[PDB]
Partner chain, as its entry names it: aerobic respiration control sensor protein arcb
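Just the one chain here, the form solved without the partner chain, laid out as structure tokens.
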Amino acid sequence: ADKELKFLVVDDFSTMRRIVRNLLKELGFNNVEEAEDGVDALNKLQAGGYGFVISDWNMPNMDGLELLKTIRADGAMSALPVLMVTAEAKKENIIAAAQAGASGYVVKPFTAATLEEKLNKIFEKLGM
């Protein structure tokens, strides 16, 4: 994929956001921004230019599933790739993510190699 692809990392925990930003750096993607919850993320996504969203599940104000569903129901950004991050491989969340249109999911904590495999599958599916 284009190494200048613009990523939005959404998570209410600063450490976790920084960890994801740094793993993406390890994989060669340095054009990354951060958001603290679904509200902040939607506001930033309106600014435009984003090409990929990695969003945590549990956040205050607006959680990850709600953000995903809101993205999917929008006009302009409806097809944006969205990788959901979850704390456990819980069946109802994995099913809910899939049925809501997530591009994939990944369980934290995850490594650079796991992140890379997840991103490649998505790139493959969307032809990136």
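If you superpose the two forms and keep the largest set of C-alpha atoms that fall within 1.5 Å, you have the rigid core. Positions refer to the first chain, counted from 1.
Absent from the display: the form deposited with the partner chain bound. The rest refers to it.
Proximity of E116 to the partner chain in the deposited bound form: non-hydrogen atoms within 4.5 Å are absent; the residue sits far from the partner. In the deposited bound form, none of the heavy atoms of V53 sits within 4.5 Å of a heavy atom of the partner chain. At a distance threshold of 4.5 angstroms between non-hydrogen atoms, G28 is out of contact with the partner chain in the deposited bound form. For the partner-free chain shown, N58, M59, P60, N61 of 53-78 come within 4.5 angstroms of the partner chain in the deposited bound form, judged by any non-hydrogen atom. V106 is not among the residues whose C-alpha shifts by 2 Å or more between the shown form and the other one once the rigid core is aligned; its shift stays under 2 Å.
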